[PDB]
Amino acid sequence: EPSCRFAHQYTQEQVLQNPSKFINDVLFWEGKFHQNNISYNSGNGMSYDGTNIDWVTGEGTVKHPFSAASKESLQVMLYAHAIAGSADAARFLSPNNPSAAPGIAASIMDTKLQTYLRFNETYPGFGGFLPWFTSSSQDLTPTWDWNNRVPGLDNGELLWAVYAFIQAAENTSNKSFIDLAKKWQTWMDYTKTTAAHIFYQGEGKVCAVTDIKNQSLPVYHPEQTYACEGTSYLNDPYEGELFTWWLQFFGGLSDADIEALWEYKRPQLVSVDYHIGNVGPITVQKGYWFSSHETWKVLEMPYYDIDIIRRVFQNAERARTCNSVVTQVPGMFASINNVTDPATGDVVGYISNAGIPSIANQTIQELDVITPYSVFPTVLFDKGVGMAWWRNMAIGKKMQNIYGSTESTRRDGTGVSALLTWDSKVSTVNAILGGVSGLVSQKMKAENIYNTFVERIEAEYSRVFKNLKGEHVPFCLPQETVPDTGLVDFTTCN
């Protein structure tokens, strides 16, 4: 089994010569993240956002006791592959006993569902959706800030992950897995009945965050109300689009309201050309920040079955990789936790605005911190190139640990986020496993919504993305290393 510090045991060219071998090492150590008090609570089956690790030792210290439906989506997607008997998912979940992987996934998902249902019972006002929650005790509570508030985006991610898991479980023909799947189907189906009432304001406007009068009141209690928080709507092509599809297919909207969803969204779907120095022009979908995380939706629905979409998103990775070469960055950018202050052991903040400003709606960006999970969209197109970029960042001081990759490093190598999260680690894992879009596509076809998806989304993308430039620009490989400035590898992983 591989050394903890395997990233620098390979050369870059060796990664490209045999991506699978390298990925096999990656999955093994990533899987160590999957432990009680590190990434989830085995008592209630619920994710934690992650955990801090000690500056010197690289051992788990201080967990994050909160999580959200977005991290749930990463865990559930992993479990969908695991229960289906994926050998790669087993290398993650149960490397020394692959046969146990399906049972492990089934067991946790059973415990998890029980917890979801206790939460629904105590907080029926959420209508079967999840706010940001505290998962450190047996029963979920909303985090303080998220009492009477629920986000559409995170829930959109979870729902299609559960959709995949159900399909995966039923595909096994194992009777107890099928029974588990049907209980999850019941949970998932309940959200269909509440989705429009909670999140659809009308005229194509979908709340980013819904304010609930009182989470203790049933959805249709005579005093219960739902209203959008401010004027922030799920109206763009990023992760929130998953929730749009949920409303369209299952929400009971009229044809006019479905048309209004896409009409209201249309101005946020924009073609722009990346062009810096000798790189480009490359036509891409304009990003929010052009953080890698914005591409999440392609993990969960079969966007890449549509060739115009596949081409536009392939271009994104031409731009993302080559942008880093031309601007001399030894990694790529995504929303991420900032460095740890070694004196306190605390993360100094969260950096949302990390991406590629010239092809972004939001041009005010912090670009001093890079993260391995930035490669997840690259991995979907070219796992060698993806893993080369991953390796380049992972070789930075303290950027591997006994639970796999570390959250983030400054590109100048003077600081590291001594932290593990689902977002910075298991996003990449889910990309290595090919997303769940195959499972989702199967179930969509069986429920006769696949054709509608293709027609609508091909129409929207083909209307905006014409005469692509830069499709001849090859993906770029890392040309700079993370500087060594005197940071010392974790004593358990060196």
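A residue's number is simply how far along the shown sequence it sits, counting from 1.
Higher average CA B factor: 88-96, of the stretches 378-386 and 88-96. Stretches 366-374 and 227-235 differ in mean C-alpha B factor, with the higher average recorded for 227-235. Note on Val298, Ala343, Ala319, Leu158: the highest value goes to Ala343, judged by CA B factor as recorded. Residue-level inspection of the entry shows that, of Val347, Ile282, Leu74, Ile336, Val347 has the top Cα B-factor.
Sort the chain's modelled residues by C-alpha temperature factor and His275 lands in the middle third, per the entry. Ranked within its chain, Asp154 lands in the lowest third, by CA B factor from the PDB record. When the modelled residues of the chain are ordered by their C-alpha B factor, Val15 lands in the highest third. Ranked against the other modelled residues of its chain, the C-alpha B-factor of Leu433 as given in the entry falls in the middle third. Per the deposited record, the Cα B-factor of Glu407 falls in the lowest third when ranked against the other modelled residues of its chain.
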